[PDB]
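**Student:** Please read through the structure below; I'll follow up with questions.
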Amino acid sequence: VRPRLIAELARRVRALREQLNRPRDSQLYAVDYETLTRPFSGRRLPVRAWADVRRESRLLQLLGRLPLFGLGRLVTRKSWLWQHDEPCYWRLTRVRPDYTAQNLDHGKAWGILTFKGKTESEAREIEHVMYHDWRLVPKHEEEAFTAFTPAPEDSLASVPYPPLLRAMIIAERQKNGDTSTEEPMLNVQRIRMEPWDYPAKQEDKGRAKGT
Amino acid sequence: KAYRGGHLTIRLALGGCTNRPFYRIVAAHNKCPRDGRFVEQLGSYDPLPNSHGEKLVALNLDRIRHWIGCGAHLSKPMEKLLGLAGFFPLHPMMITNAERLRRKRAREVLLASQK
Amino acid sequence: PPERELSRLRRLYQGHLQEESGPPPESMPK
Amino acid sequence: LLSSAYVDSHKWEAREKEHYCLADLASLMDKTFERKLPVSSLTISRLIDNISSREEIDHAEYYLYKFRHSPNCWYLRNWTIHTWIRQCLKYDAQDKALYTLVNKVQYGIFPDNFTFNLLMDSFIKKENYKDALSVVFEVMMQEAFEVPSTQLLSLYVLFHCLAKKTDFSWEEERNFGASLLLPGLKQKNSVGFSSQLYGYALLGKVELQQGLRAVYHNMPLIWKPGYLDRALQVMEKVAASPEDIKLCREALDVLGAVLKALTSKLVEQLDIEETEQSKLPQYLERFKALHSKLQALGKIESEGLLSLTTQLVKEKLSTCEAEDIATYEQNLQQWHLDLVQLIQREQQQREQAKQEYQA
């Protein structure tokens with residue numbers, strides 16, 4: 001096999017140039033509020049976000065105005081406030097501001113999540129930090145905001161099998177000599193249904209490539 | 001052949017001729033062509049009623065269970081077919097469509113009464 | 001659905017709502 | 001209002017400082033910045049320590065701006081912010097301190113309560129109540145009313161400014177309402193409850209005329225409607241309070257005027273919930289019933305807000321000042337320990353780097 005060294009050289013050069021010409025958050029997540037397009041790419045935002053993009057604040061637009069970038073403060077989201085009645089918020093632990101931003105209104109954040117009153121054990125990176133959806137809980141309101149009484153979360157423990165599959169389970173049971181009259185039953189206790197709007201893992205998420 | 005990512009899915013591959021469709025229920029890589037390479041044929045579906053007024057669906061249920069247990073996804077028409085067979089719960093969208101058709105026919109009947 | 005959830009949806013979809021549908025006919029209309 | 005001992009700068013001027021020329025440190029920061037490399041918090045600390053003139057304040061402002069816009073902006077130490085404010089006061093540059101405070105985002109000036117008090121008190125001594133009010137609003141924006149001294153001084157300034165204000169805007173309504181609610185909630189006396197009532201009245205007027213978003217947006221305030229309801233709850237709580245706690249007639253008059261004037265974009269509320277505009281008449285009825293109840297119980301104070309705040313200040317500011325001075329000296333000792341740790345660490349890296357270089 002004739003060696004293909006130009007391909008390797010091109011791959012290495014491209015990798016080096018991408019890790020030296022990384023676009024910053026201030027560039028990637030800037031928005032033109034008049035046209036609601038990203039100047040970096042020119043792609044228009046979805047319609048259902050437009051109003052929020054003109055009314056709500058990004059997370060670090062709030063954190064840049066606070067000492068220590070607001071470590072330890074509670075931050076909630078407008079979408080959560082509208083969707084859920086139970087308290088949903090992040091308790092900040094670490095903030096990495098985008099120093100290249102003029103107003104330091106871009107960057108990353110880490111914290112502990114409480115969703116619908118249920119607090120997590122560990123602190124993880126916060127997703128949707130660049131969304132215009134963030135609100136800061138006032139210090140004098142936190143006691144009233146965080147209050148939550150865990151209601152009895154008693155859901156169905158099991159469900160019937162589908163008709164044909166139940167029939168096959170019963171028929172096999174009778175064929176094997178067992179004569180039990182107990183209904184075949186599907187356990188759903190270990191299948192916990194997560195709301196579609198629960199925060200996902202920001203660490204596993206990708207990033208827009210510079211171009 | 002190596003695809004970037006992708007997964008196995010149980011879906012309907014279209015065969016037959018013009019104005020005469022027929023489907024093979026196959027497990028295939030989602031990136032493969034509709035009527036191309038597959039891993040295993042898991043059944044068939046004739047959508048045209050026969051001389052007995054029946055739509056014939058063959059399902060290799062042992063292999064369907066095997067491939068679902070091997071990590072295969074399902075196309076929405078296949079989920080609806082399995083719901084009709086009683087193998088799966090009736091898909092939510094079938095119920096919603098049934099309710100929508102009920103409401104539309106009620107509106108038509110009310111129009112007839114109004115006239 | 002409860003009225004509170006319907007109001008929440010009406011707030012979420014301001015200006016892009018269609019007429020609210022009641023319970024469907026119990027049987028298939030003839 | 002603050003004694004000489006509180007505002008005395010001798011202990012700060014007695015701190016241990018490494019002497020440098022600001023030109024040399026400025027050049028080193030300039031090189032580090034053009035190389036896109038991070039600058040240490042120690043370097044900016046040394047630069048701010050060695051301000052020795054009014055033009056050096058102008059240069060230190062620029063280098064504070066560049067440190068804020070650098071990778072290590074988070075590491076700006078509290079002693080550096082305190083020293084920046086001290087230098088601005090020392091070289092007759094309160095305007096520059098105020099400029100960096102209002103544009104805290106661009107400069108990262110987040111003072112502690114002692115430093116807010118120093119700046120506000122300098123403005124009060126020079127009878128510059130407009131700038132003192134600006135400092136009060138900056139305290140409110142940072143929610144820094146944890147220390148009773150700051151609460152008392154802010155309330156004094158706010159009532160002084162309100163005594164002489166008639167033509168009155170809605171942004172001003174919002175700012176004054178927040179600045180009177182936050183310190184008011186922390187004071188369990190007649191001043192605190194009267195301030196709560198007055199601020200709730202102003203914020204409720206803002207909510208009813210301009211919308212709730214005009215109230216809570218970019219403010220340390222909640223996004224729940226019912227600010228006038230909360231004013232009426234203040235009145236009800238006072239009706240059931242001990243003998244000592246009363247309510248000023250002026251705050252009640254302001255609430256009555258707001259209600260009498262009120263009763264003469266996306267929807268954020270659920271359509272099942274009753275609006276505040278549809279509750280205004282019941283607010284009038286409750287206000288009148290509660291006003292009669294409080295007048296019967298003798299829980300209405302006739303002294304003005306400014307005078308009664310003045311006596312409260314004369315009664316408690318001395319103790320608050322003593323506590324603040326004790327904490328301030330503790331903070332100075334801790335800052336000295338941290339600074340010597342930083343100096344030791346950088347000396348160690350320089351020595352290790354030279355050892356590596358000789359190989």
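Each chain of the structure tokens is named A, B, ... in the order shown, its residues numbered from 1; ligands are numbered from 1 in display order.
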Name the residues in contact with residue 13 of chain C at a cut-off of 12 Å, using only C-alpha atoms, excluding same-chain residues fewer than 6 positions from it; report them as a ChimeraX atom specification.
**Tutor:** /A:47-49,51,82-83 /C:6-7 /D:266-268
**Student:** Would you save the residues of that selection, restricted to N, CA, C and O atoms, as an mmCIF file, in the first residue's frame?
**Tutor:**
data_model
loop_
_atom_site.group_PDB
_atom_site.id
_atom_site.type_symbol
_atom_site.label_atom_id
_atom_site.label_comp_id
_atom_site.auth_asym_id
_atom_site.auth_seq_id
_atom_site.Cartn_x
_atom_site.Cartn_y
_atom_site.Cartn_z
ATOM 1 N N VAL A 47 -39.398 30.317 15.807
ATOM 2 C CA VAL A 47 -40.402 31.341 16.084
ATOM 3 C C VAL A 47 -40.812 31.314 17.550
ATOM 4 O O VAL A 47 -40.950 32.364 18.191
ATOM 5 N N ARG A 48 -40.990 30.119 18.114
ATOM 6 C CA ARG A 48 -41.529 29.999 19.462
ATOM 7 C C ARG A 48 -40.620 30.602 20.525
ATOM 8 O O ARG A 48 -41.068 30.777 21.663
ATOM 9 N N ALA A 49 -39.369 30.917 20.193
ATOM 10 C CA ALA A 49 -38.454 31.556 21.128
ATOM 11 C C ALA A 49 -38.436 33.077 21.017
ATOM 12 O O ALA A 49 -37.975 33.739 21.955
ATOM 13 N N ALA A 51 -40.289 35.838 21.315
ATOM 14 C CA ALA A 51 -40.699 36.714 22.406
ATOM 15 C C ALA A 51 -39.739 36.610 23.580
ATOM 16 O O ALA A 51 -39.262 37.629 24.093
ATOM 17 N N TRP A 82 -43.399 28.658 34.310
ATOM 18 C CA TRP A 82 -44.682 28.517 33.633
ATOM 19 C C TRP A 82 -45.148 27.066 33.634
ATOM 20 O O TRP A 82 -46.330 26.784 33.861
ATOM 21 N N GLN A 83 -44.233 26.129 33.384
ATOM 22 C CA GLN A 83 -44.620 24.737 33.194
ATOM 23 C C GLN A 83 -44.971 24.052 34.509
ATOM 24 O O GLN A 83 -45.978 23.339 34.587
ATOM 25 N N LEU C 6 -55.150 23.529 31.311
ATOM 26 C CA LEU C 6 -55.591 24.151 30.069
ATOM 27 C C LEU C 6 -55.209 25.626 30.031
ATOM 28 O O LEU C 6 -54.791 26.137 28.987
ATOM 29 N N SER C 7 -55.346 26.327 31.159
ATOM 30 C CA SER C 7 -54.918 27.720 31.217
ATOM 31 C C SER C 7 -53.413 27.842 31.031
ATOM 32 O O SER C 7 -52.935 28.778 30.382
ATOM 33 N N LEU D 266 -47.129 39.904 26.246
ATOM 34 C CA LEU D 266 -47.573 38.599 26.713
ATOM 35 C C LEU D 266 -48.302 38.717 28.042
ATOM 36 O O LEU D 266 -47.926 39.508 28.910
ATOM 37 N N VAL D 267 -49.350 37.917 28.196
ATOM 38 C CA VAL D 267 -50.027 37.780 29.478
ATOM 39 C C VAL D 267 -49.297 36.723 30.293
ATOM 40 O O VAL D 267 -49.174 35.568 29.869
ATOM 41 N N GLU D 268 -48.805 37.118 31.466
ATOM 42 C CA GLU D 268 -48.052 36.217 32.326
ATOM 43 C C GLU D 268 -48.921 35.480 33.332
ATOM 44 O O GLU D 268 -48.502 34.435 33.840
#
**Student:** Check which residues of chain B sit at most 12 Å from chain C using only C-alpha atoms, and return one row each with the closest pair of atoms and their distance in Å to one decimal, ordered by chain and rising number, as a Markdown table.
**Tutor:**
| residue | atom | partner | partner_atom | distance |
| --- | --- | --- | --- | --- |
| B:95 | CA | C:24 | CA | 11.0 |
| B:96 | CA | C:24 | CA | 9.9 |
| B:97 | CA | C:24 | CA | 11.1 |
| B:98 | CA | C:28 | CA | 8.8 |
| B:99 | CA | C:24 | CA | 5.8 |
| B:100 | CA | C:24 | CA | 7.7 |
| B:101 | CA | C:28 | CA | 8.3 |
| B:102 | CA | C:28 | CA | 5.5 |
| B:103 | CA | C:24 | CA | 6.0 |
| B:104 | CA | C:29 | CA | 8.9 |
| B:105 | CA | C:29 | CA | 5.7 |
| B:106 | CA | C:29 | CA | 5.5 |
| B:107 | CA | C:29 | CA | 9.1 |
| B:108 | CA | C:29 | CA | 9.0 |
| B:109 | CA | C:29 | CA | 7.3 |
| B:110 | CA | C:29 | CA | 9.9 |
| B:112 | CA | C:30 | CA | 11.3 |
**Student:** Would you put the residues from that selection into a file with N, CA and C atoms, as a compact mmCIF listing (two decimals), in the first residue's frame?
**Tutor:**
# COMPACT_ATOMS: atom_id res chain seq x y z
N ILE B 95 -55.31 6.18 18.65
CA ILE B 95 -56.44 6.60 19.47
C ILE B 95 -56.84 8.03 19.14
N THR B 96 -55.85 8.92 19.01
CA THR B 96 -56.15 10.31 18.71
C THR B 96 -56.81 10.45 17.34
N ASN B 97 -56.33 9.71 16.35
CA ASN B 97 -56.95 9.74 15.03
C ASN B 97 -58.37 9.20 15.07
N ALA B 98 -58.60 8.14 15.84
CA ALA B 98 -59.96 7.62 15.98
C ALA B 98 -60.89 8.66 16.57
N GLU B 99 -60.42 9.37 17.61
CA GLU B 99 -61.24 10.42 18.21
C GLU B 99 -61.49 11.56 17.22
N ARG B 100 -60.46 11.94 16.46
CA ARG B 100 -60.63 13.01 15.48
C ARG B 100 -61.65 12.62 14.42
N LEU B 101 -61.58 11.38 13.93
CA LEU B 101 -62.55 10.91 12.95
C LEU B 101 -63.95 10.87 13.54
N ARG B 102 -64.08 10.46 14.80
CA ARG B 102 -65.38 10.49 15.46
C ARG B 102 -65.94 11.90 15.49
N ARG B 103 -65.11 12.88 15.86
CA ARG B 103 -65.59 14.26 15.91
C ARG B 103 -65.97 14.77 14.53
N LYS B 104 -65.17 14.45 13.51
CA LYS B 104 -65.48 14.89 12.16
C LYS B 104 -66.80 14.30 11.67
N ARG B 105 -67.02 13.01 11.92
CA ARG B 105 -68.28 12.39 11.51
C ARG B 105 -69.45 12.94 12.30
N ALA B 106 -69.25 13.26 13.58
CA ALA B 106 -70.30 13.92 14.35
C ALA B 106 -70.64 15.27 13.76
N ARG B 107 -69.63 16.03 13.33
CA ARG B 107 -69.89 17.31 12.69
C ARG B 107 -70.68 17.13 11.39
N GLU B 108 -70.32 16.12 10.60
CA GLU B 108 -71.06 15.86 9.37
C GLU B 108 -72.51 15.48 9.66
N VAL B 109 -72.73 14.64 10.67
CA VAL B 109 -74.09 14.23 11.02
C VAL B 109 -74.89 15.44 11.50
N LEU B 110 -74.25 16.32 12.28
CA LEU B 110 -74.92 17.53 12.72
C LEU B 110 -75.25 18.44 11.54
N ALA B 112 -75.97 17.35 8.54
CA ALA B 112 -77.12 16.71 7.92
C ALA B 112 -78.40 17.03 8.68
**Student:** Name all residues at most 10 Å from residue 31 of chain B (count only C-alpha atoms; drop same-chain ones fewer than 6 positions away) and give them as a list in words.
**Tutor:** residues 3, 4, 5, 6, 7, 8 and 9 of chain B
**Student:** Could you write those residues out with N, CA, C and O atoms, as a tab-separated table (two decimals), in the first residue's frame?
**Tutor:**
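Contents of again35.tsv, freshly written:
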chain	number	residue	atom	x	y	z
B	3	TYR	N	-21.06	2.28	8.93
B	3	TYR	CA	-21.76	3.56	8.96
B	3	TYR	C	-21.32	4.35	10.19
B	3	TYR	O	-20.99	3.77	11.23
B	4	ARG	N	-21.32	5.67	10.06
B	4	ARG	CA	-21.06	6.52	11.21
B	4	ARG	C	-22.29	6.50	12.12
B	4	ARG	O	-23.36	6.98	11.74
B	5	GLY	N	-22.13	5.93	13.31
B	5	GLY	CA	-23.28	5.79	14.19
B	5	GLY	C	-24.32	4.86	13.59
B	5	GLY	O	-24.00	3.86	12.94
B	6	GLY	N	-25.58	5.20	13.80
B	6	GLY	CA	-26.68	4.41	13.30
B	6	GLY	C	-27.05	3.27	14.23
B	6	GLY	O	-26.36	2.95	15.20
B	7	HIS	N	-28.18	2.64	13.92
B	7	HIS	CA	-28.71	1.57	14.75
B	7	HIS	C	-29.60	0.68	13.90
B	7	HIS	O	-29.99	1.04	12.79
B	8	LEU	N	-29.90	-0.50	14.44
B	8	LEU	CA	-30.87	-1.38	13.81
B	8	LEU	C	-32.28	-0.89	14.09
B	8	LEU	O	-32.58	-0.40	15.18
B	9	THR	N	-33.14	-1.02	13.10
B	9	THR	CA	-34.55	-0.66	13.21
B	9	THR	C	-35.38	-1.67	12.44
B	9	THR	O	-34.98	-2.14	11.38
**Student:** Report the distance between atom CA of residue 207 of chain D and atom CA of residue 150 of chain D in Å, rounded to one decimal place.
**Tutor:**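 Rounded to one decimal, the two atoms are 27.3 Å apart.
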**Student:** Which one of A:137, A:1, A:74, A:45 sits closest to chain D if you count only C-alpha atoms?
**Tutor:**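 Of A:137, A:1, A:74, A:45, the one nearest chain D is A:137, counting only C-alpha atoms.
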**Student:** Dump as a Markdown table the rows for residues of segment 6-28 of chain B within 6 Å of segment 43-52 of chain B: closest atom pair and distance in Å with one decimal, only C-alpha atoms counted, ordered by chain and rising residue number.
**Tutor:**
| residue | atom | partner | partner_atom | distance |
| --- | --- | --- | --- | --- |
| B:22 | CA | B:46 | CA | 5.1 |
| B:23 | CA | B:45 | CA | 5.0 |
| B:24 | CA | B:44 | CA | 4.3 |
| B:25 | CA | B:43 | CA | 4.7 |
**Student:** Enter the distance from atom CA of residue 204 of chain A to atom CA of residue 121 of chain A, in Å, rounded to one decimal.
**Tutor:**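 Computing it gives 18.8 Å between the two atoms.
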**Student:** Tell me, in Å to one decimal, how far atom CA of residue 146 of chain D is from atom CA of residue 306 of chain D.
**Tutor:** 21.8 Å
**Student:** With distances taken over only C-alpha atoms, which residue among A:147, A:185, A:165, A:92 lies nearest chain B?
**Tutor:** A:165
**Student:** Which of chain C counts as helix (DSSP H, G or I) under DSSP, as a list in words please?
**Tutor:**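 Checking each residue of chain C, the helix (DSSP H, G or I) ones are residues 3, 4, 5, 6, 7, 8, 9, 10, 11 and 12 of chain C.
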**Student:** Nearest to residue 68 of chain A: which of A:117, A:199, A:87, A:97 is it, counting only C-alpha atoms?
**Tutor:** A:97
**Student:** Restricting the calculation to only C-alpha atoms, which member of D:186, D:299, D:213, D:345 is positioned closest to residue 155 of chain D?
**Tutor:**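 Checking each candidate against residue 155 of chain D, we get D:186 as the closest.
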**Student:** Need the shell around residue 158 of chain A: protein/DNA/RNA residues with any atom at most 7 Å away, counting only C-alpha atoms. Skip same-chain ones fewer than 4 positions apart. Format as a ChimeraX atom specification?
**Tutor:** /A:185-189
**Student:** Could you write out that same residue set with N, CA, C and O atoms as a compact mmCIF listing (two decimals), in the first residue's frame?
**Tutor:**
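Below is the file again-v3.txt, written as the result:
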# COMPACT_ATOMS: atom_id res chain seq x y z
N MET A 185 -48.41 -9.89 34.30
CA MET A 185 -48.38 -8.51 34.76
C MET A 185 -47.00 -7.91 34.50
O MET A 185 -45.98 -8.58 34.70
N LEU A 186 -46.97 -6.65 34.07
CA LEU A 186 -45.73 -5.94 33.76
C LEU A 186 -45.40 -4.98 34.89
O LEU A 186 -46.21 -4.11 35.23
N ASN A 187 -44.20 -5.11 35.44
CA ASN A 187 -43.74 -4.19 36.47
C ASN A 187 -43.22 -2.91 35.83
O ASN A 187 -42.39 -2.95 34.91
N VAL A 188 -43.71 -1.77 36.31
CA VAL A 188 -43.32 -0.46 35.80
C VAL A 188 -42.76 0.43 36.91
O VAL A 188 -42.55 1.62 36.71
N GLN A 189 -42.51 -0.13 38.10
CA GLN A 189 -41.92 0.65 39.18
C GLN A 189 -40.51 1.12 38.83
O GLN A 189 -40.16 2.27 39.11
**Student:** Run DSSP on the backbone and tell me which residues of segment 98-308 of chain D come out as strand (DSSP E or B); list them as a PyMOL selection string.
**Tutor:** chain D and resi 247-248+300-301
**Student:** Could you dump the residues just selected with C-alpha atoms as a PDB file, in the first residue's frame?
**Tutor:**
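Result file follows (out36.pdb):
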ATOM      1  CA  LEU D 247     -46.991  52.884  61.523  1.00  0.00           C
ATOM      2  CA  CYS D 248     -46.106  56.331  60.214  1.00  0.00           C
ATOM      3  CA  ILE D 300     -50.397  55.442  63.868  1.00  0.00           C
ATOM      4  CA  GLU D 301     -47.283  57.559  64.368  1.00  0.00           C
TER       5      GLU D 301
END
